[PDB]
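> What follows is a single structure, and I will ask about it in a moment.
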Amino acid sequence: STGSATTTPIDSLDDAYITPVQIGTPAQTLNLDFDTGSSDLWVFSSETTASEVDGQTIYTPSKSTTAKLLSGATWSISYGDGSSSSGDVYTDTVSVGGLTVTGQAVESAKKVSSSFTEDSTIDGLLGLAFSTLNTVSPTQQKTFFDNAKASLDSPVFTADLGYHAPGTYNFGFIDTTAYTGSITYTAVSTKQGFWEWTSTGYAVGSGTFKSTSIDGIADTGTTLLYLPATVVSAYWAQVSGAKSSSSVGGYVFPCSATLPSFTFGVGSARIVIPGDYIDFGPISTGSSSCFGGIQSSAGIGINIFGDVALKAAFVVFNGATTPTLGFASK
């Protein structure tokens with residue numbers, strides 16, 4: 001089997017991407033944030049505290065003939081940005097782009113933090129990291145991908161995120177029309193439950209490439225590119241007037257700037273992030289200070305190849321017995 005679904009930016013900055021997902025019988029379609037940095041499929045629901053719902057579409061398990069309470073199971077998750085959610089668990093039929101999993105754990109939110117409430121466009125998350133990170137207790141649950149894997153033509157999914165445009169998540173096949181050149185594969189460590197890999201270095205603009213190992217995660221659920229302070233300083237030093245602002249919470253730059261590109265290494269291959277991808281616009285409405293899309297990972301504890309980086313590539317998440325990651329230009 002295979003599946004193919006379009007993923008669409010939630011706003012004009014590509015802050016996140018939503019992908020329609022069919023849950024239950026008859027289908028209830030929710031727009032979920034596919035997150036290769038976590039491993040819970042959770043939704044706004046008929047159980048979510050009413051004051052914490054503001055425009056989201058909810059899953060109502062009592063209206064699904066295939067929903068079953070997973071008795072005794074609870075979940076609770078905290079994300080890198082400080083947001084969180086928790087609740088109980090149903091199993092139900094879940095389909096993505098024509099690919100169907102029966103008996104999928106659908107984590108029903110009883111509580112969500114303010115950041116989720118305030119984002120009316122995101123009806124929940126669909127985790128695509130390794131199932132070892134799943135938070136369901138006392139019986140840990142599998143991700144949608146883990147459940148689908150055995151039925152897939154090939155044990156892979158791909159992320160093809162757009163810049164200010166829709167893109168695609170495919171399951172079970174590699175679309176050879178969706179990228180240019182060849183795919184370069186690189187080793188993955190699953191020790192922390194992430195799609196963790198080591199970039200071979202970077203360049204800023206038309207500058208020389210610096211060969212240096214940068215361990216980080218491929219995380220579709222993180223907006224920006226978070227790299228070591230040394231790398232980030234070298235980037236922003238090429239933008240007149242750019243500075244790190246503790247009041248704002250990162251590097252800002254004059255909105256009048258033309259940003260240089262940023263290149264990262266994948267083995268001997270190179271992925272180029274155009275400068276425009278690094279512009280996250282005014283810090284507040286009407287400001288002439290703009291927020292940067294490359295930020296320091298210092299104090300996160302991990303480097304994160306978020307959407308800024310991933311949307312510059314066609315990315316293969318290879319879930320074979322020995323997982324690997326592939327990157328191609330597009």
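For the structure tokens, the naming scheme is as follows: chains receive sequential letters (A, B, ...) according to their order of presentation, residues are indexed from 1 within each chain, and ligands are indexed from 1 in presentation order.
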If you run DSSP over the backbone, which residues in region 209-276 of chain A end up alpha helix (DSSP H)? Put them as a ChimeraX atom specification.
/A:229-236
> Selected residues, N, CA and C atoms, written as a CSV table (one decimal), in the first residue's frame, please.

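Saved as result_7.csv:
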chain,number,residue,atom,x,y,z
A,229,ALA,N,26.0,27.9,18.3
A,229,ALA,CA,26.1,29.4,18.3
A,229,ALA,C,27.2,29.9,17.4
A,230,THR,N,28.3,29.1,17.3
A,230,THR,CA,29.4,29.5,16.4
A,230,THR,C,28.9,29.6,14.9
A,231,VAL,N,28.1,28.6,14.5
A,231,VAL,CA,27.6,28.6,13.1
A,231,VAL,C,26.6,29.8,12.9
A,232,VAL,N,25.7,30.0,13.8
A,232,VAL,CA,24.7,31.0,13.7
A,232,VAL,C,25.3,32.4,13.7
A,233,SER,N,26.4,32.6,14.5
A,233,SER,CA,27.0,33.9,14.6
A,233,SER,C,27.7,34.1,13.2
A,234,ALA,N,28.3,33.1,12.6
A,234,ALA,CA,29.0,33.3,11.3
A,234,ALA,C,28.0,33.6,10.2
A,235,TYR,N,26.8,33.1,10.3
A,235,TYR,CA,25.7,33.5,9.4
A,235,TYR,C,25.3,34.9,9.5
A,236,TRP,N,24.9,35.3,10.7
A,236,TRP,CA,24.3,36.6,10.9
A,236,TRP,C,25.4,37.8,10.8
> Identify, on the basis of only C-alpha atoms, every residue whose closest approach to region 46-56 of chain A does not exceed 6 Å; exclude the query and any residue fewer than 6 positions from it along the same chain; express the result as an MDAnalysis selection string.
chainID A and resid 109:111 117 120 123
> May I have the residues within 10 Å of residue 62 (chain A) as a PyMOL selection string, using only C-alpha atoms and disregarding those fewer than 6 positions away in the same chain?
chain A and resi 24+46+68-69
> Pull N, CA, C and O atoms from the residues just selected and write them as an mmCIF file, in the first residue's frame.

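Dumped everything to result.cif:
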data_model
loop_
_atom_site.group_PDB
_atom_site.id
_atom_site.type_symbol
_atom_site.label_atom_id
_atom_site.label_comp_id
_atom_site.auth_asym_id
_atom_site.auth_seq_id
_atom_site.Cartn_x
_atom_site.Cartn_y
_atom_site.Cartn_z
ATOM 1 N N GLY A 24 -11.913 7.648 12.166
ATOM 2 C CA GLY A 24 -13.203 7.100 12.552
ATOM 3 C C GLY A 24 -14.124 6.727 11.403
ATOM 4 O O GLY A 24 -13.772 6.890 10.209
ATOM 5 N N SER A 46 -14.097 16.029 21.623
ATOM 6 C CA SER A 46 -15.283 16.322 22.416
ATOM 7 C C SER A 46 -14.982 16.289 23.913
ATOM 8 O O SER A 46 -15.805 16.727 24.712
ATOM 9 N N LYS A 68 -12.913 2.761 20.043
ATOM 10 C CA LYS A 68 -12.973 1.992 21.280
ATOM 11 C C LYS A 68 -12.068 2.638 22.312
ATOM 12 O O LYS A 68 -10.907 2.944 22.031
ATOM 13 N N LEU A 69 -12.592 2.856 23.511
ATOM 14 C CA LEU A 69 -11.743 3.360 24.588
ATOM 15 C C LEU A 69 -10.595 2.385 24.828
ATOM 16 O O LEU A 69 -10.825 1.178 24.934
#
> With only C-alpha atoms as the counted atoms, please give the residues lying no more than 12 Å from region 297-303 of chain A, apart from itself and same-chain residues fewer than 4 positions off, as a VMD selection string.
chain A and resid 37 79 to 82 192 194 to 199 213 to 219 222 224 to 233 250 to 251 309
> Keeping only N, CA and C atoms, write the selected residues as a compact mmCIF listing (two decimals), in the first residue's frame.

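Contents of part_16.txt, as written:
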# COMPACT_ATOMS: atom_id res chain seq x y z
N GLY A 37 9.49 15.03 14.99
CA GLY A 37 10.15 15.17 16.27
C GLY A 37 9.37 14.69 17.48
N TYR A 79 6.38 19.81 24.76
CA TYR A 79 7.21 20.04 23.58
C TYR A 79 8.32 21.05 23.86
N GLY A 80 9.29 21.09 22.95
CA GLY A 80 10.45 21.94 23.10
C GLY A 80 10.15 23.42 23.25
N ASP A 81 9.00 23.85 22.73
CA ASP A 81 8.61 25.25 22.79
C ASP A 81 7.83 25.57 24.07
N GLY A 82 7.69 24.59 24.95
CA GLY A 82 7.02 24.81 26.22
C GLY A 82 5.54 24.50 26.21
N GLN A 192 17.98 8.49 20.88
CA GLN A 192 17.14 9.45 21.59
C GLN A 192 15.70 9.46 21.07
N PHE A 194 14.74 10.07 18.00
CA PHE A 194 14.57 11.01 16.91
C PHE A 194 15.22 10.52 15.62
N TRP A 195 14.90 11.20 14.52
CA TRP A 195 15.61 11.04 13.27
C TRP A 195 16.87 11.89 13.35
N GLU A 196 17.85 11.34 14.07
CA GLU A 196 19.07 12.06 14.42
C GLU A 196 20.19 11.66 13.48
N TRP A 197 20.88 12.66 12.93
CA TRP A 197 21.88 12.44 11.90
C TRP A 197 23.00 13.47 12.08
N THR A 198 24.05 13.37 11.28
CA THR A 198 25.18 14.28 11.40
C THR A 198 25.46 14.95 10.06
N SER A 199 25.21 16.25 10.00
CA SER A 199 25.57 17.02 8.84
C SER A 199 27.08 17.16 8.77
N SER A 213 31.32 18.40 11.77
CA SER A 213 30.20 17.52 12.07
C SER A 213 29.18 18.20 12.96
N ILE A 214 27.92 18.23 12.51
CA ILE A 214 26.83 18.84 13.28
C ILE A 214 25.75 17.81 13.47
N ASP A 215 25.67 17.26 14.68
CA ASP A 215 24.64 16.29 15.02
C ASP A 215 23.32 17.02 15.24
N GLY A 216 22.23 16.57 14.62
CA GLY A 216 20.95 17.20 14.86
C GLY A 216 19.81 16.31 14.44
N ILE A 217 18.58 16.81 14.61
CA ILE A 217 17.41 16.02 14.25
C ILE A 217 16.64 16.64 13.09
N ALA A 218 16.06 15.78 12.27
CA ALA A 218 15.17 16.22 11.20
C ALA A 218 13.79 16.30 11.80
N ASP A 219 13.28 17.52 11.96
CA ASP A 219 12.08 17.77 12.75
C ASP A 219 11.08 18.66 12.01
N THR A 222 9.21 21.57 13.96
CA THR A 222 9.90 22.77 14.43
C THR A 222 10.02 23.70 13.24
N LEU A 224 11.93 26.57 12.70
CA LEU A 224 13.23 27.17 12.36
C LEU A 224 14.39 26.17 12.36
N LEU A 225 15.54 26.67 11.94
CA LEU A 225 16.78 25.93 11.93
C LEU A 225 17.62 26.36 13.14
N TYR A 226 17.86 25.43 14.06
CA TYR A 226 18.60 25.71 15.29
C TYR A 226 19.94 25.00 15.25
N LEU A 227 21.02 25.79 15.27
CA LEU A 227 22.38 25.28 15.07
C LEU A 227 23.31 25.86 16.15
N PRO A 228 24.53 25.32 16.26
CA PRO A 228 25.44 25.82 17.31
C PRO A 228 25.69 27.30 17.18
N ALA A 229 25.96 27.95 18.30
CA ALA A 229 26.12 29.39 18.34
C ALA A 229 27.22 29.90 17.41
N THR A 230 28.27 29.11 17.26
CA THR A 230 29.37 29.47 16.36
C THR A 230 28.87 29.61 14.92
N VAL A 231 28.11 28.62 14.47
CA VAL A 231 27.57 28.59 13.10
C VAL A 231 26.62 29.76 12.87
N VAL A 232 25.73 29.96 13.83
CA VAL A 232 24.70 30.99 13.72
C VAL A 232 25.33 32.38 13.71
N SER A 233 26.36 32.59 14.54
CA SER A 233 27.05 33.88 14.56
C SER A 233 27.72 34.15 13.22
N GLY A 250 16.06 36.07 20.18
CA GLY A 250 16.91 35.50 19.15
C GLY A 250 17.46 36.57 18.25
N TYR A 251 18.06 36.11 17.16
CA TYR A 251 18.58 37.00 16.14
C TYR A 251 17.46 37.70 15.37
N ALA A 309 15.15 24.35 7.06
CA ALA A 309 16.08 23.49 6.36
C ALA A 309 15.36 22.46 5.50
> Taking 5 positions as the minimum chain separation for residues in the same chain, which residues sit within 6 Å of region 276-290 of chain A when counting only C-alpha atoms? Answer as a list in words.
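Skipping anything fewer than 5 positions along the chain leaves residues 252, 253, 254 and 255 of chain A.
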> Write out as an MDAnalysis selection string which residues come within 7 Å of residue 210 (chain A) when counting only C-alpha atoms, dropping same-chain ones fewer than 6 positions away.
chainID A and resid 201:203
> Those residues you just picked out, can you put them in a file as a PDB file, in the first residue's frame with C-alpha atoms?

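Final output, saved to result_28.pdb:
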ATOM      1  CA  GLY A 201      29.228  21.134   7.506  1.00  0.00           C
ATOM      2  CA  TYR A 202      27.973  24.456   6.209  1.00  0.00           C
ATOM      3  CA  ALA A 203      28.550  27.525   4.118  1.00  0.00           C
TER       4      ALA A 203
END
> Please return as a ChimeraX atom specification: the residues of region 259-297 of chain A that backbone DSSP assigns to strand (DSSP E).
/A:262-266,269-273,279-282,289-292,294-296
> Excluding region 136-140 of chain A and any residue of its chain fewer than 5 positions from it, enumerate the residues within 9 Å of it, using only C-alpha atoms, and give them as a ChimeraX atom specification.
/A:40,72-76,88-89,107,131
> Print the selection's residues with N, CA, C and O atoms to a file, as a JSON list (two decimals), in the first residue's frame.

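Below is the file that was written, selection01.json:
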[["chain", "number", "residue", "atom", "x", "y", "z"],
["A", 40, "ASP", "N", 3.40, 10.98, 19.26],
["A", 40, "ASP", "CA", 2.01, 10.88, 19.70],
["A", 40, "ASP", "C", 1.10, 11.44, 18.61],
["A", 40, "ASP", "O", 1.37, 12.47, 18.02],
["A", 72, "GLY", "N", -7.94, 2.62, 30.61],
["A", 72, "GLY", "CA", -6.87, 2.88, 31.55],
["A", 72, "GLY", "C", -5.70, 3.68, 31.01],
["A", 72, "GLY", "O", -4.84, 4.10, 31.77],
["A", 73, "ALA", "N", -5.66, 3.91, 29.70],
["A", 73, "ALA", "CA", -4.51, 4.57, 29.10],
["A", 73, "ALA", "C", -4.64, 6.08, 29.19],
["A", 73, "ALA", "O", -5.70, 6.65, 28.93],
["A", 74, "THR", "N", -3.54, 6.73, 29.55],
["A", 74, "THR", "CA", -3.48, 8.20, 29.56],
["A", 74, "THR", "C", -2.21, 8.62, 28.85],
["A", 74, "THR", "O", -1.32, 7.81, 28.61],
["A", 75, "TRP", "N", -2.13, 9.90, 28.50],
["A", 75, "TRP", "CA", -0.96, 10.44, 27.85],
["A", 75, "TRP", "C", -0.76, 11.87, 28.31],
["A", 75, "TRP", "O", -1.71, 12.54, 28.75],
["A", 76, "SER", "N", 0.48, 12.35, 28.21],
["A", 76, "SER", "CA", 0.82, 13.70, 28.61],
["A", 76, "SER", "C", 2.16, 14.03, 27.96],
["A", 76, "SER", "O", 3.13, 13.28, 28.11],
["A", 88, "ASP", "N", -6.79, 11.13, 27.43],
["A", 88, "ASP", "CA", -6.98, 9.68, 27.42],
["A", 88, "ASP", "C", -6.90, 9.18, 25.98],
["A", 88, "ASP", "O", -6.51, 9.95, 25.09],
["A", 89, "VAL", "N", -7.23, 7.91, 25.74],
["A", 89, "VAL", "CA", -6.88, 7.27, 24.47],
["A", 89, "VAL", "C", -7.99, 6.38, 23.94],
["A", 89, "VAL", "O", -8.58, 5.62, 24.69],
["A", 107, "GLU", "N", -5.04, 9.79, 20.55],
["A", 107, "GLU", "CA", -4.95, 10.36, 21.88],
["A", 107, "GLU", "C", -5.85, 11.58, 21.95],
["A", 107, "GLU", "O", -5.64, 12.57, 21.26],
["A", 131, "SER", "N", 8.67, 5.17, 17.92],
["A", 131, "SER", "CA", 7.60, 4.90, 18.88],
["A", 131, "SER", "C", 8.08, 4.84, 20.32],
["A", 131, "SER", "O", 7.28, 4.95, 21.23]]
> Of the candidates A:241, A:221, A:323, A:162, which one gets nearest to residue 191 (chain A) if we count only C-alpha atoms?
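Smallest separation from residue 191 (chain A) among the options: A:323.
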> Measure the distance from CA of residue 1 (chain A) to CA of residue 70 (chain A) in Å and round it to one decimal.
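Spanning CA of residue 1 (chain A) to CA of residue 70 (chain A) is a straight-line distance of 26.7 Å.
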> In Å, with one decimal, what is the gap from CA of residue 34 (chain A) to CA of residue 125 (chain A)?
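Spanning CA of residue 34 (chain A) to CA of residue 125 (chain A) is a straight-line distance of 5.9 Å.
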> I'd like the interatomic distance between CA of residue 173 (chain A) and CA of residue 3 (chain A), to a tenth of an Å.
8.4 Å
> When you count only C-alpha atoms, which of these residues is closest to residue 328 (chain A): A:23, A:266, A:156, A:129?
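Of A:23, A:266, A:156, A:129, the one nearest residue 328 (chain A) is A:266, counting only C-alpha atoms.
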> Using only C-alpha atoms, find the one residue out of A:4, A:166, A:171, A:275 that sits nearest to residue 154 (chain A).
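Selected residue with least distance to residue 154 (chain A): A:171.
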> Which is closer to residue 274 (chain A) than all the others in A:310, A:71, A:249, A:44, using only C-alpha atoms?
A:310
